[PDB]
Amino acid sequence: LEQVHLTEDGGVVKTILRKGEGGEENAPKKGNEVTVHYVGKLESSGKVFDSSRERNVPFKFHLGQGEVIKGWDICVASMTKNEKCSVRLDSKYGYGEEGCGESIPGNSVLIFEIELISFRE
Amino acid sequence: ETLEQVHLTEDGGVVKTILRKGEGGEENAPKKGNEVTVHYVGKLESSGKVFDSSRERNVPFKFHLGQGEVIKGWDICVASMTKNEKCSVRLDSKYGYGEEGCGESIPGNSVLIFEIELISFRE
Ligand SMILES: C=CC[C@@H]1/C=C(\C)C[C@H](C)C[C@H](OC)[C@H]2O[C@@](O)(C(=O)C(=O)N3CCCC[C@H]3C(=O)O[C@H](/C(C)=C/[C@@H]3CC[C@@H](O)[C@H](OC)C3)[C@H](C)[C@@H](O)CC1=O)[C@H](C)C[C@@H]2OC
């Protein structure tokens, strides 16, 4: 599968697992509410640190607001409805030097499988 | 004048101070597995600085109780609450983010104070 670089520094690289729907009415825009399912794991250990699938409830947020880690705003802006991708985020686009809890160490590369389920204004 | 500081663990690491009593009736207490809806304000005991408020962004927080969907101190605290209860819970770092902390705002080895209000719950 082809790697799609979403920044010039290699820090956000999206692999499309399942292509989403075509057409502009199917790509979300800045400020829209998006609904996704995701599974986040560390690249280095493969261990899952957060999963909406495990909670059995999708996650909603407003796109392009900084409500989520930078790599998520960048990744989801590139997706279309029903797309499922695996995105690799350098720590610069994740939790940085600090990390968050033992399950997200400082300077960790994160891998998220993200499925864009739907969006609305 | 009522101070009620409820020690929810033997190690002193989760102490819930009750600010407003919940509605009476055991029917106003959630069970493990129930989805609960809360508002919260989180701050560091050491500096007193707020690091997050669900109120400020106007987005209530929901999770399924007692399933590890949240830091352990939260599962313990919220299991002890009843509908409309408002508390301030003190969590030692072992019930929060431990030696790692979380992001720029929460250093390693931080005691956390959360004001939590249990708004509603369901099956
Ligand atoms: C794609 C979105 C991510 C997804 C984000 C949301 C659902 C939005 C939700 C309102 C989170 C807040 O978003 C503004 C924000 O809340 C804090 O400010 C906060 O006050 C906090 O302490 N909370 C939130 C309220 C419940 C308790 C606790 C928590 O249990 O949070 C959990 C938490 C961070 C657990 C870590 C996970 C890493 C482990 O290593 C560590 O292990 C110890 C434990 C949260 C709920 C995760 O389950 C889910 C997510 O992270 C964190 C300081 C940072 C966190 O944003 C990251």
Side-chain angles (χ1 to χ4, degrees), chain A residues 30-42 44-45 47-73 76 89-110 112 117 119-121, chain B residues 13 30-38 40 42 44 46-47 49 51-76 78 91-112 114 120-123:
Chain A
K30 185 205 220 305
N32 289 181
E33 186 193 78
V34 298
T35 297
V36 304
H37 259 309
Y38 68 96
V39 180
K41 67 185 182 181
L42 298 177
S44 60
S45 70
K47 295 190 287 188
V48 174
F49 56 78
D50 185 24
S51 172
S52 65
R53 296 187 189 275
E54 173 61 46
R55 303 191 287 271
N56 203 35
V57 183
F59 174 70
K60 306 227 243 250
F61 76 100
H62 285 89
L63 182 63
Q65 314 300 124
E67 277 177 24
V68 292
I69 55 177
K70 297 176 181 169
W72 263 56
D73 269 337
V76 177
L89 305 179
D90 274 335
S91 61
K92 202 254 272 264
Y93 291 99
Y95 289 90
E97 280 180 20
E98 296 79 14
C100 182
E102 180 220 22
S103 295
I104 305 168
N107 289 326
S108 294
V109 175
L110 312 178
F112 284 90
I117 295 164
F119 58 91
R120 61 184 277 237
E121 287 208 323
Chain B
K31 300 201 169 291
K32 168 165 166 172
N34 290 183
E35 190 194 73
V36 300
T37 297
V38 310
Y40 72 89
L44 303 177
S46 66
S47 68
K49 291 250 309 269
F51 56 79
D52 190 12
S53 167
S54 69
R55 310 186 169 276
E56 185 73 6
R57 64 171 169 271
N58 202 201
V59 183
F61 180 68
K62 303 183 181 170
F63 71 104
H64 301 116
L65 180 64
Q67 296 183 169
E69 297 192 354
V70 292
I71 51 172
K72 185 72 175 281
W74 264 64
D75 262 345
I76 296 168
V78 175
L91 307 178
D92 273 319
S93 65
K94 78 185 223 187
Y95 290 100
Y97 300 95
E99 180 209 311
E100 295 77 14
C102 181
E104 49 301 307
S105 292
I106 304 177
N109 295 293
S110 295
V111 176
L112 307 180
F114 286 93
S120 61
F121 56 95
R122 90 287 204 49
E123 292 202 69

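Side-chain atoms are counted along with the backbone in the values below, which use heavy atoms only and exclude waters and symmetry mates. Order of the sequence lines sets the chain letters (A, B, ...), proteins ahead of strands, with each chain counted from 1.
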Asker: Contact between A/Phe49 and A/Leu42 at the side-chain level, heavy atoms closer than 4.5 Å - yes or no?
Answerer: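 A side-chain contact exists here, since the closest heavy-atom pair is under 4.5 Å.
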Asker: Please determine whether side-chain contact (heavy atoms from CB on, under 4.5 Å) holds for the pair B/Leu91 and B/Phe114, giving the CA-CA distance in whole Å, both sets of side-chain angles, and the decisive distance to 0.1 Å.
Answerer: CA-CA 8 Å; B/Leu91 307 178; B/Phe114 286 93; 4.0 Å; yes
Asker: For the backbone of B/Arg55 and the side chain of B/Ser53, can you confirm whether one donor and one acceptor N or O come within less than 3.5 Å of each other?
Answerer: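 Side chain of B/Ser53 to backbone of B/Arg55, a donor-acceptor pair under 3.5 Å: yes, one is there.
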Asker: Of all the residues in residues 62-74 of chain B, which have a heavy atom that comes within less than 4.5 Å of a heavy atom in chain A?
Answerer: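 Hits under 4.5 Å: B/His64, B/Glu69.
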Asker: Counting only non-hydrogen atoms closer than 4.5 Å, can you tell me which residues of residues 94-108 of chain B sit against chain A?
Answerer: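 Listed by number: B/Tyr97, B/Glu100, B/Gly101, B/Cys102, B/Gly103, B/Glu104.
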Asker: If you apply the rule side-chain contact (heavy atoms from CB on, under 4.5 Å), what do you find for A/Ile117 with A/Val36, and how did you get there?
Answerer: CA-CA 5 Å; A/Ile117 295 164; A/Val36 304; 5.6 Å; no
Asker: Test side-chain contact (heavy atoms from CB on, under 4.5 Å) on B/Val59 and B/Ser54 and set out the steps.
Answerer: CA-CA 6 Å; B/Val59 183; B/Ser54 69; 5.9 Å; no
Asker: What is the distance from atom CG of B/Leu112 to atom OG of B/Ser93, rounded to the nearest 0.5 Å?
Answerer: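 Atom-to-atom, B/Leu112:CG and B/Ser93:OG are 8.0 Å apart.
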Asker: Does CD in A/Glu54 sit with more than 12 non-hydrogen atoms of other residues, nucleotides or ligands closer than 6.0 Å?
Answerer: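 Result for CD/A/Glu54: open.
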Asker: Taking the basic N atoms (NZ, or NE/NH1/NH2) and the acidic carboxylate oxygens, is any pair closer than 4.0 Å for B/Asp52 and B/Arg57?
Answerer: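 Yes.
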